[PDB]
Structure formats: C-alpha cells, structure tokens
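Worksheet: one structure, shown below.
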RNA sequence: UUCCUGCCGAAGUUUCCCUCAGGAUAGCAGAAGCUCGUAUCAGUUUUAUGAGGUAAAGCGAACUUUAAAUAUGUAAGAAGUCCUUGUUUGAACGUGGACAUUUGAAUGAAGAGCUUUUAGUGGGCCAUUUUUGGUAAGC
RNA sequence: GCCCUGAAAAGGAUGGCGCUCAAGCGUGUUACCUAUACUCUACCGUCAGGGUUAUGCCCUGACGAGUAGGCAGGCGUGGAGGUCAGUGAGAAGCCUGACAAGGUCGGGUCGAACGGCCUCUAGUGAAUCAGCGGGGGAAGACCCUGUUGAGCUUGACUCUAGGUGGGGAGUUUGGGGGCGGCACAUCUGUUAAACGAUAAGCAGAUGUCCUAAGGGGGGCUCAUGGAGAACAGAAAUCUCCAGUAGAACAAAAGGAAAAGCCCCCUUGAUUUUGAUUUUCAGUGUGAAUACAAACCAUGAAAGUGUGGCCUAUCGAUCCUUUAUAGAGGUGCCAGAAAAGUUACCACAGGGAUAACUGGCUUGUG
RNA sequence: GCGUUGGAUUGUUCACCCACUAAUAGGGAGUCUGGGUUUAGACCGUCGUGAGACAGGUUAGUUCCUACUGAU
RNA sequence: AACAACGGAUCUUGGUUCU
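Chains as they are written, first to last, in PDB author numbering: chain m, 2 to 43, 61 to 70; chain r, 132 to 261.
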C-alpha cells in the first residue's frame, strides 16, 4: 500500500458500489474477462433433459 | 462421456479437454483456432454436410447440403454447437425438388427433422416438415 | 489397549443446507416420573357415506341411475345426552341434578396418553405389490 | 405336450456315479426320514398370581435368539481394619488325577511364613539328494481427499506533518444466470375532494373470451327533456326529435356511415441480415436491440397492423421522525471470504483389475 | 493328423511390400528383448505481472515355500 | 508321559514419599 492495496483502487474506481460482482482474482493484471478465460484450462453432470 | 475427455501434456493430470462424440455440421466457417484454445473438439471424420431428406410423397430421397440448425431441444447449447443430436430441426437446401409456394415465389429451403440416429449410423436421415 | 452370569434391546428414516464437506435435529428401545386402571387402547373386521363407477344387471337401442370389493378418514357415548335456563313466540356460554355404568355393534385384555430425558444409530443391501417416463435391452 | 436346427472356444456344473415301460416329464393315491418347528415329561435363570411370626422359603403359569447399547448381580487380583484365642520345620510355588469368572484335595521338587470370611480401598481382569523356473523379495506405484507444514510471485487482506512503503513479516485462496407478467359487467373497508354525485387505486367468493391487442370487415348511435308505455311508481319496458356531438374519441390539448356499442376471423416471442456487442475452438451470426423485403389477418377491393414491454441478488430495523413502533427508499453506503502455485513437495487412505449382469459377441443399415 | 518359412522400415512398424513352397489359416494361456509406462538434469516455443505447466517435442533411465526334470 | 544341559517367573540389607 497505500496505492498497491486493491481496496484503494476499488474505492477510487467506484466499483465498491457494485462489489457483489467481485470476481475471484480481481486485480489490475488479468481482470475477470481474463481470469475466467484462464480458469477454463483447469460436462459430465449426466442430467436427464426432456427433449420435447 | 459423449463429452469425451482427452488427456493433455506429457503428465496426464491437466486434461481440461472435452471432445464431442456426436455428428456435427459447421460448413465453411469452421476455421480451427490455435490448438491451445480447443476447449471443445469436433472430429473431422464425424462431420457431415449432406443429409438424406425425404417426404411421404413419391418416396424420393435426394442428398442435399445442410444449410443450418435452428432449434435443438435439451439444452440448445448443442444447437449453438451445431451437433445433429437426432430430434433436432435443421434447414436443408430443397432447391432440387423445386416446390413453389403461392405467389410464384419458388421455395428452395425448408426445415427438416432428423429421423435416424447419426451417432449409431454412418448416414443422416431427415423428413421434410411440409 | 483387559474377568464372568442373567435381562432388555435397536439404527440405518425425518428438518433446517446458496454446500461434497461440517452441525445437531424428529424417529427406533430399556428408564426417575403415579395423575387413569380406565369403560380405556387396536398396523384389525363391520355397520353409513366420497372413490378404483373397473360394465356384465339399466328398466332412463338415448343414457344415469347404480350392482360387485379396489382400500380410505370420519361419529361408534359416561357428565355423552337430558330436567332445570343463571343472562341478553325464536338463538345461544347453560349453575344445580338425573339416565351411573347391555352405558349405546361384535373381536383381542389391562403395559394405553405423560408436561419431561437417557447412550448408540444418519439419509443401507435386496425382492415383491401399484404405475409414471423408457428404448434394442438395461433402467 | 415332447425331442431335433434354433451358436460356442481357447476341470464345467444334473454335485459325482449313473439312468431309457427312467433313476427323464405332467398328474391321482399309499408307507417313512428328518429343524434347535410342533405335543408331552424332568433340569438351570426371569416375571406375575397367592401363602408363609419375610432382602428367606413354598404352590401355580409363561418365557430363554441376537450386534451397538443400557440395566441387575457374582469370581479373581495390589494393600488395609475386624474376625476363625486360624494354618506351618512343614507353609508359599511348579506340573499333574479327582470333586460360569473360579475354588478344593492326593501325588514327583522344595525350603520360610502363609490362609478362610464381613468390609474398606485402588497403579486391580515312508523320507531324502542334484537341476530349469509357471506362482507369491523394489511396496511403493497412484485417481483423489487433509486445510497437517511450507516452496514461491504479486495492485490478494493485515501493518511497516505528508508520501514510496511483500524490500519485511502473519494469512488465506469458499461449498451460484437469467425473471415479471391479463382486461373488461360487478359489490364491499380506505380513499371521499366532507349540502353530494361519486371519481382518479389498494384486496377480495365473481368470469371469459379480448387467442393477455381488439386489428380488420358490416352495421347502430348516444347522457338527458317532453308525449308517454298492466303491475312499473322518480330510477325495470317502449317510440318520435336533439345533444356539435359531458359517451369515449385511454387522456392531458387550439379539438364519425367513428376512434364509443353490436355479429365473424384471428397470430405474432415467424423467417435471412444490410448499422451497434460478445465469446471461448471469433463459431458466416449463437442473439435482442436498428431497419430492410416476404408471411398473416381482414374485404368484394382500396386498404391498416401483426409480430414484443421491461428489469442484477438481499436489505425495508445497515435511514429516518422513535424511546416504547407505521412505513414512505439502494438514483443513499458495502460486501457474501484476502489471488494462484507444490512429480522439490512428506505422510495415512475412499480406490478402477488382467477380461462375466440377467450367458453377456457372431452374415446380411 | 502333420506343417504354416526368410528379408524389409523409425523422417511410430494402431502396417505394407516378394524370395520359395502344396500353403506360407485365425485366435487365447500369458510368458527373454526393444519403444515406453514415472519423480533424475537440461533445452527451444507455447501461456502468465510470476511462481508455475504444457498444443508439440528433444535429451538422461534401474529396477531353498509350491510345481516339474533325474537319483538314493 | 517321566528322567537330563538350557533357561529365569512366583515366593530379596532395595527405591519413593513424608517430618
């Protein structure tokens, strides 16, 4: 900190008002649009859909 | 298992890969992306462009190009994937029959439902929804 | 990771779950418990009813009365009912008392309901009796 | 009703022997085996019903399986109080023939203290030798779970007049995308604007096709005054004139052979893709928005529309006037928990098996 | 019943070629050798702010008990 | 089953605690 802390960045950007959408890994590098993309590198629910 | 998992890397512990074992049609706009992005893999051998089409009229079957897929039930994410998944409704180039609707506007494309199971057969059968 | 005799004696189901995980929780059975030993309880039969109205009586070849068991809950009385109105020709909360135990069908005979709490057991393996959705067949 | 074809292979299944007027099959009748079942008789323990000047005894009847678990009682064992004025120059111990924890005696050894009972207490229960090597010493592999410990990078949380301030340290790194949908004939509490009419909503037994819009097509004109019309009158019905149209034209406004009522139809959230975005195999659109040109209704035709509106959880007492309560509103806050990595990682296990459901495969979509 | 041979690739040998014979039949019951299935150590590129691991890939490799054949 | 090398358990001036 002080600037390095992500809380200060969130307060400055105003995203704290909508922090409910805080994605795991929200940082300056590799924001949600990239964190979600990378998470795909980490389909078998065997659900029974009604094909009507 | 239809979303078959293929083990990646020398040490098979981070596969993350899913392969569709169902017939799928894409067309010209396939353009395989870099190998790193192949989250879903539709094998070329399991891709068909011409599906058999028939109607209860004259009993004439003619192979016609597949135009597109509009509505696949049971999680239409398969529709977005273009999988056949017998029971789907797909558009077919019916220009060969040349049937003309009222008003002189010749029709050349109609939606048809796949009758046979392409997963268990090497041919695709559909019936015109006329 | 510890001797013996006798008695009783289970659980694998149920609620909260943003949830594999983790928690008790209602239930299964022995107990301090005394209030009733009852005219009290029943995985039960029957009498009256709604439904499987499955079609074979139809008497209305028009149509709905309605015939079998196909298994259901309810009333089957002990102060329940009644003489009497204490109170605002007709309504109700009716003191006091009476029919007192063939006292309100038959069958089993006293372990039935405790306000309360004790250690274990947590969503087990199989088959049959119903039909729902199947599709090669499993399910 | 049987037998034969009706498909099976890399010491099995009528169990084996075997059997043919069967010892194979369907069916009617005789004699018998047997389970810890059934009936009786005796023995061991529980309960209940009764007697006995008594926590003891006697007479009668039924029960007795069993894991976790509970309940009511006994034996042995370390030590101690009391008691048998106990046992022994032959005591304690060992092994062994006898009379349910366990106790007693004779017999081969023995040499120095050791017991019975009522209680207290607690560190108490044939047969071999020489050779190849099919099976069973590296035992861990390893899918994953521990949050048990660290190996680390950082705009991850926490610190280190104003500022840089993992350079440094402690820590985690849980167990989730679509959804809201109705309009008129009614009566009731509020609203009610208070001489009233009774409107512009809340919730209700109430339906109904208006297909949650009435769009088109064909017709009617109307609140209210007079003459009036059996009950019926000031409000029920039935006919002549007009509201410049106080009807509904949602309506706010300078304002119709209908835009109000009646009879028929009726999808619409249809299709491709010419401007905008967004992925995760950037996917010729996969899609709503923008619009294009068809499709449809309707009519005899000109014609008109019909093809969507709209919106992040949750707060409501995390806001208030309140010091014992009624809520008007997220355009007023702040987030559910502070990111990954480790075949450098170490340890313990829930753990697929060589290849058998209900014979599981065979030549003909 | 008796036979079913021999060369060949590797810039993978999930297989094809041709010498001779009359033919060079198809499988299971795994059982000395080589790829490889695994931690050795490193490299090129991918991906990321980085640790870290891969869409590839190369190098290095270590894993008498019972039954049979003869004899006393 | 009894005899014999072997073996070391039970029935020992020791330790603990206390003033």
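For every residue, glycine included, the Cβ atom is placed at its ideal position computed from N, Cα and C.
| Asked | Found |
| --- | --- |
| Selection of the region 218-247 of chain r by Cβ proximity to chain m, strictly under 8 Å | 218 |
| C-beta neighbour in chain m for residue 211(r), strict 8 Å | no |
| Opening and closing residue of the beta strand (DSSP E) in which residue 149(r) lies | 148-151 |
| Residue 179(r) vs residue 156(r) beta-carbon contact at 8 Å | yes |
| Collapsed DSSP secondary structure at residue 240(r) in the structure displayed | strand |
| Contact under 8 Å by Cβ, residue 189(r) with residue 154(r) | no |
| Near the ligand GTP: residue 137(r) beta-carbon under 7 Å from a heavy atom | Absent from the structure shown: the ligand GTP. Ligands present: none. |
| Interface flag, residue 206(r) vs chain m, CB-CB below 8 Å | yes |
| Where the beta strand (DSSP E) through residue 198(r) begins and ends | 193-202 |
| 8 Å Cβ cut-off: residues of chain m touching residue 149(r) | 61 |
| Straight-line Cα distance separating residue 208(r) from residue 220(r) | 14 Å |
| C-alpha gap between residue 134(r) and residue 235(r), whole angstroms | 47 Å |
| Residues sharing a beta bridge with residue 232(r), DSSP | Beta-bridge pairing links residue 232(r) to no other residue. |
| Which listed residue (244(r), 254(r), 141(r)) has its alpha carbon closest to that of residue 202(r) | 244(r) |
| Contacts that residue 31(m) makes with chain r (C-beta to C-beta distance below 7 Å) | Correct list: empty, because the minimum Cβ distance to chain r is about 16 Å. |
| Under 8 Å from the C-beta of residue 70(m): neighbouring residues of chain r | 204 |
| Closer than 7 Å at the beta carbon, the chain r residues around residue 43(m) | 147 |
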